[PDB]
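Asks: sequence first, structure after, both from an experimental entry:
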Amino acid sequence: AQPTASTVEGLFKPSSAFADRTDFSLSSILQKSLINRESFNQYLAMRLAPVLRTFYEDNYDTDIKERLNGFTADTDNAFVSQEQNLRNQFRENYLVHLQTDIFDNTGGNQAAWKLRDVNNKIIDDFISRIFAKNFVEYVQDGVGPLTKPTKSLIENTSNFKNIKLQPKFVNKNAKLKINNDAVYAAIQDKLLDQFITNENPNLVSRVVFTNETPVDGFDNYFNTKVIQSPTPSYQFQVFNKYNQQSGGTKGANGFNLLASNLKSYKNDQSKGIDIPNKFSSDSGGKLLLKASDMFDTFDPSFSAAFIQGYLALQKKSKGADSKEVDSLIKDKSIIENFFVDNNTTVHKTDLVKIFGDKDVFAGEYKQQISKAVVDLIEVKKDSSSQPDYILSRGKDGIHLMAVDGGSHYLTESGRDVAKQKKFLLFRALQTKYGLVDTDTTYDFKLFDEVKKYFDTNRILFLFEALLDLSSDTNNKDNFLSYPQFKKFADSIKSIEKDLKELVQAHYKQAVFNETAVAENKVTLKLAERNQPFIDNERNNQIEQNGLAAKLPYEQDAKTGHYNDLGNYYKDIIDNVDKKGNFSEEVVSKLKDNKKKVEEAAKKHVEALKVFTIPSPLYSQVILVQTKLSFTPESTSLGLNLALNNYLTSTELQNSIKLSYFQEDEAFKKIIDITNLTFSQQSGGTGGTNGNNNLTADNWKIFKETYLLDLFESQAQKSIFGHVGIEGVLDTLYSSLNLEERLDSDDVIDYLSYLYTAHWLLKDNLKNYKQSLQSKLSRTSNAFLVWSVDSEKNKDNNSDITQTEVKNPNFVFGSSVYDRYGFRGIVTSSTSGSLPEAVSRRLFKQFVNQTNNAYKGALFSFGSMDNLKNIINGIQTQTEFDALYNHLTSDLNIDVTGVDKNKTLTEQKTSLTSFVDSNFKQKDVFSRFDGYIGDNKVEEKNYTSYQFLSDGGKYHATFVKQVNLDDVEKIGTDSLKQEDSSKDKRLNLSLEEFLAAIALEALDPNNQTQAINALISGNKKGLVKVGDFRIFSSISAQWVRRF
């Protein structure tokens, strides 16, 4: 089957270089690919599974020996099937697509496919067999581990040292068929420790008393006249009071059976805390609150309360009240514990002051709630002791939680990961032999949890575990010293000097990435939980809150981060740092490790001596190769796979777009693209001369406008802190880690906006003039509007349009507890951002029926003869219809003698005659620069301005008039700092003009035009690509084939 010539001519032609820039060379593209997490893991698979091939090779078991032969046979059969189906599908040109859509993604060779699928099969099998057995044991000396250790033997802190995750019949000095378990128990105890290290997986024994529908009746608690038809939930939380007659063990009865003897559920020998299942409404028991999905799989009020207990052990918990076990309110309902004293810290929801002079509660709630209200309190055995039990109410009722072993492996110095691993191994041993108490059930499988967390990094984590295994030369009891695994442990030894410098950094940064991702969920989900209690206050439904209480956790005004809740993850990044506020520490140690990955990847690619192999027949990729590696073929294919992932990735596309910015010398004079810092600092480097004459602060406002446009699109706007907005904006900017991520969408969009802002600023605003001309019109007034919403209407003459509206629409939380308004040049056709009230007052009700009220109405024409030159310019009937309606229904100018029945000539003739005979010079053509509301006044006379009124709300609006008589007048002298040149920029100041230009730059049409200018205005032309994976990845608007 000779392939047809059409596809052969039409297929991509591989070249010597991937692209034609100084950052797209082999030594740079391979380094960047090895820094890409997904690409790096695709490489590590091919550099890690050759290590695990040796274990299958020297293994005693006949089955494991035959696994390699079976994998090769299955690979041959799969190749036969692939060839058969490709032939039956493509016929004439099947070989071309066999090399194109299969081999290129695989390594570019027939044997490349077999070295991919076999090398993945063996690593998958080795991954499965690590966790195929349970090895948590209490090891006795001279008889081996006891088949069933006794309860009193293992439930001791001093006896934790004997729970070491060791196999049963493994002898170092013997060739045992099942000696391979000595491998897994060594790797598992490594992987498990990673699980103990990164996830910080504390166990919590918790009891939840679900929300109770009150048989007493909600009217007793929450009156219907204010709260109609309550439903059992957090906001209306009620439990039937404790009665001794009914023989119940849940609700207040369960809380009485529980809190009376609360001190007796901590097994002080084991330091663990075990609370009975029957005392909880659900199945009850213990849950694993690891760092990753504890704010995902469970309620935020639950996970955050567990964190509060976590730091309560470590004397780091803040904001919560403390009361002893004996002080618990068990006779009354449970909620009475939370009505804490108000007289004079602890963050208490004083609902008496919150609801003001409105009756929201009734009966016992009204009498109690005076007395503040909280959500979480700390209950402890003794006044001198530290809080071991935490009581908090969430979505599904009130939970009493206690971390078990917290006094053991969590102290003021931080988390003790060795003790934590020992304690969780003790719990896993408890579950292994059914040695738990009869009144509790262990829904706790540590091996399943470590397997599920480790399976995310199925390649990096296993490789790092092996490296740390071979990094411990002082421990002779590992499987490395077993003579059965002498060469296998040598294979792990042949990968330290080569890759470990890179893999340690990659692991230490990926774990930090996951830790930052998980700790972002803290401030994300706490805000999500607090969202309805802000919605209620927004909708004037504050009374719906009822029993809603603010959590004790403090937030950062300057950062928008929960510091104490971040300590739970700081106790992770302080552990992965030693391997080999949390916000500041992680932001420092992510860049200090990203530079380490840069260095390690560059050294690894250097030491590999990478050269480009010529591509095979019908190939469309630029493959690479190496020879300075322990297994040259697998390392070459690993680099091939890492490239196949990076070239198709959006990181390389954003790198190409980054290079297009690199080329533009005009833009690079004002920015430092790699540094993402505005250039020229502050001085005379190019200052002052034409061609975008402005400072570097003059670009900070463009950046701030971009940040505000991004902030307005945020799903939640309180995850970034609060007061004003100049701080929240830089916090949002930091949150993007743009300088740490130069090959992201978040940076190409930022730079696209920045060159949109410059492409309106260059050539003496040659494109800003065009945008304004195509936006403005002569028959419609245009304004620069500073419109603020005043919920209250009016020397006590402070301007309200220049006073910052902190927390507008309650966007930075709630106020009661814990020159602005600019819209740019807004016209009638584009008045979406303006409120309908002010937009109608400007572009449809300029001169209201209630003098200077006509000033600026026909300023859209600017001069006397201008509207005369436009009225006779009408050719058709509808063209005059629009003008007449605008002059009457919009510009409210009285018309005399006009007739609809007139012909085309007389139609315009009557209007021209009446315009001339009515305006034979009321400052109608003057420029209106002042306040518009219920009345109209100038800027100077703010003492006589009536705010616009609409639907009970008020508006304060400043408008500066803009016509085409100043759109054309912006030119070379438009960016000068001088005040006398303000007429050269729409009679604006420089800052106002640049803010308007930035708002114009946010236009998608402006950005598209400026980006096409960037690509077309390239000194070297469009970037060429020699690899198809770089051509298909990014559109032809940026890259061209050779």
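Replies: It's in. Residues are numbered from 1 along each chain as shown.
Asks: from here on, contacts and neighbour counts on C-alpha atoms
Replies: Noted.
Asks: would you map out the domains in the chain?
Replies: The chain resolves into domains spanning 1-130+609-664+1018-1042, 767-1004 when parsed by automatic domain parsing.
Asks: between those domains, which one is nearest to residue 306?
Replies: When the domains of the chain are compared by CA to CA, domain 767-1004 sits nearest residue 306, at 21.8 Å.
Asks: how far off centre is the closest one?
Replies: 40 Å (CA atoms, centre = their mean, to the nearest Å).
Asks: what's the answer for stretch 256-270, then?
Replies: On the basis of CA atoms, centre = their mean, the separation between the geometric centre of stretch 256-270 and that of its chain is 41 Å.
Asks: and residue 309, how far from residue 320?
Replies: Summarising the geometry, the distance separating residue 309 from residue 320, computed by CA to CA, to the nearest Å, is 10 Å.
Asks: repeat that for residue 917.
Replies: Counting by CA to CA, the gap from residue 917 to residue 320 is 79 Å.
Asks: the two: which has the busier surroundings?
Replies: residue 320 (20 against 10; other CA atoms under 10 Å).
Asks: now do the contacts for the closest residue to the more buried one other than its chain neighbours.
Replies: Ranked by CA to CA, 6 or more residues apart in numbering and with sequence neighbours excluded, the top spatial neighbour of residue 320 is residue 346, at 4.9 Å. For residue 346, the contacting residues are 318-321, 552, taking CA atoms under 8 Å, 6 or more residues apart in numbering as the criterion.
Asks: sort out for me which of these are in strands.
Replies: Within the contacts of residue 346, membership in strands is found for residue 321, as judged by DSSP state E.
Asks: could the contacts of residue 346 be laid out in TSV, adding distance to residue 564?
Replies: Converted to TSV, the contacts of residue 346 look like this (distance: CA to CA, whole Å):
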residue	distance to residue 564
318	7
319	10
320	12
321	16
552	11
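Asks: what's the distance between the closest residue in space to residue 396 that isn't next to it in sequence and residue 39?
Replies: Counting by CA to CA, 6+ apart, residue 396 lies nearest to residue 210, which is 5.2 Å off, once chain neighbours are set aside. Plainly put, residue 210 is 47 Å away from residue 39 if you go by CA to CA.
Asks: list the contacts of the helix or strand where residue 752 lies.
Replies: Mapping residue 752 onto the secondary structure by DSSP states H and E places it in helix 745-759. Identification of contacts with helix 745-759 by CA under 8 Å, 6+ apart yields 650, 654, 657-658, 661, 667, 692, 702-703, 706, 736, 738, 741, 765, 767, 997-998, 1001-1002, 1006-1007, 1009-1011, 1014.
Asks: and the residues you listed, which are buried?
Replies: Applying 16 or more other CA atoms under 10 Å to the contacts of helix 745-759, the neighbour count classes 650, 654, 657-658, 661, 667, 692, 702-703, 706, 738, 765, 767, 997-998, 1001-1002, 1006-1007, 1010-1011, 1014 as buried.
Asks: quick one: which of the residues you listed sit in helices?
Replies: Restricting the buried ones among the contacts of helix 745-759 to those inside helices, with DSSP state H as the criterion, leaves 650, 654, 657-658, 661, 667, 702-703, 706, 767, 997-998, 1001, 1006-1007, 1010-1011, 1014.
Asks: which residues does the closest residue to residue 331 other than its chain neighbours contact?
Replies: Of all residues not flanking residue 331 in the chain, residue 242 sits nearest, at 5.9 Å (CA to CA, 6+ apart). The contact partners of residue 242, taken as CA under 8 Å, 6+ apart, are 252-253, 256, 330-333.
Asks: do you know how far residue 242 is from residue 265?
Replies: Here residue 242 is placed at a distance of 22 Å from residue 265 (CA to CA).
Asks: again, but for residue 159
Replies: With distances taken as CA to CA, residue 159 is found 20 Å from residue 265.
Asks: residue 860 too?
Replies: Note on residue 860: its distance to residue 265, by CA to CA, is 81 Å.
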